[PDB]
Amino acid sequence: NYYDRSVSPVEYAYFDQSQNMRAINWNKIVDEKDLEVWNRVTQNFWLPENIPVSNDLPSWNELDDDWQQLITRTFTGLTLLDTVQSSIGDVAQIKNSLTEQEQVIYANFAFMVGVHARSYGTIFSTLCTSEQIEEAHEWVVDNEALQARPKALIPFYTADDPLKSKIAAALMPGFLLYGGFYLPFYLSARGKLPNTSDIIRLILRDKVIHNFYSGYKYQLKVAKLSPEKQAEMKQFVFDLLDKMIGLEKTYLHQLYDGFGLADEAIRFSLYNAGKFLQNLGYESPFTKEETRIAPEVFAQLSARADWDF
């Protein structure tokens, strides 16, 4: 069989030049889950241009300068995390792929997280001034608590431990941005910036699959390690999440300082930390109570919260 005596180009390029290269085979698929994910993320393609946030101007102009600045700062902070994941995180996963299709799916992830980062620009272009925009960028660069979070993850992407790189790749869409995503849902529960929330919901529809897929591939790799190394990787995950929860809490208490949103934002963050663990195959230690947010804010996330007959 050609497949067992050949390597994918990315394997050839970075790991093994002793074998000839095989073209991707979409006709004989190793893992049907890859086809399931590829079909959904490509069929779910969208651009921020096709959501008109001009209809948010009325509700935006009613907000005072402090709230407008909070929104601009929060979203520029999320832009940084998407820039990290698009330019470093998702592309770094390509060479560590178990399957050929996975290599192309992570190329889609990198592009679409790029679209996420671009979408915040579309919102700012419509609502904010040139001064408000540059102020948010200055604020992100000089915010040490903000900078600490991506600075903690990037080393895993550039280092030579594929499993630790994969955990980081799941943690970004699985956890790190939800502290910020609380704000648009909080506002849309008060009928404020409703079209902005439609962009957030399209972003979440991508990130939920990104977290699932990175988590799915992590579980397939760790399952091949000895029981000892599996226990070591589980300890690393809980230790890394503990550290990242610490940095996120520090950041959100500064971000939401004087707005009183930090408590709910952190509970929403921990809710998603629980789902991050579950999609890595580990039990969530968080209770229903300590991950609870206001029903009206959760309603903005989800209102839901061949047949022969």
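Counting begins at 1, following the sequence as shown. Rigid core (definition): largest C-alpha set, two forms, superposition within 1.5 Å.
Visitor: Which of these two stretches, 21-29 or 284-292, has the larger RMS Cα offset in 8 other deposited structures of this protein when the rigid core is kept aligned?
Guide: Checking 21-29 against 284-292 in 8 other deposited structures of this protein, I find the farther stretch is 284-292.
Visitor: Comparing average C-alpha B factors as deposited, tell me which of 63-71 and 239-247 sits higher.
Guide: For C-alpha atoms only, the mean B-factor is higher in 63-71.
Visitor: Would you mind comparing 124-132 and 141-149 for me and telling me which has the higher average C-alpha temperature factor in the entry?
Guide: Result of the comparison: 124-132.
Visitor: Highest Cα temperature factor in the entry, among the options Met21, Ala13, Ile24, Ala294: which one is it?
Guide: Across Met21, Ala13, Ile24, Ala294, the entry lists the biggest C-alpha B-factor for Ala294.
Visitor: For the listed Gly179, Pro155, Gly215, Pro227, which has the peak Cα B-factor recorded in the PDB entry?
Guide: Spelled out: the listed residue with the top C-alpha B-factor is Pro227.
Visitor: Tell me, lowest, middle or highest third: where does the Cα B factor of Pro184 rank within its chain?
Guide: Middle third.
Visitor: Divide the modelled residues of the chain into thirds by Cα B-factor and specify which third, lowest, middle or highest, holds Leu280.
Guide: Tercile = middle for this residue's CA B-factor.
Visitor: Tell me, lowest, middle or highest third: where does the Cα B factor of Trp38 rank within its chain?
Guide: Within its chain, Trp38 is a lowest-third residue by C-alpha B-factor, going by the deposited values.
Visitor: Pull the Cα B-factor of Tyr256 out of the PDB entry and bin it into the chain's lowest, middle or highest third.
Guide: Ranked within chain, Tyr256 CA B lands in the middle tercile.
Visitor: Among the modelled residues of its chain, does the C-alpha B-factor of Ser8 lie in the lowest, middle or highest third?
Guide: Tercile = lowest for this residue's CA B-factor.
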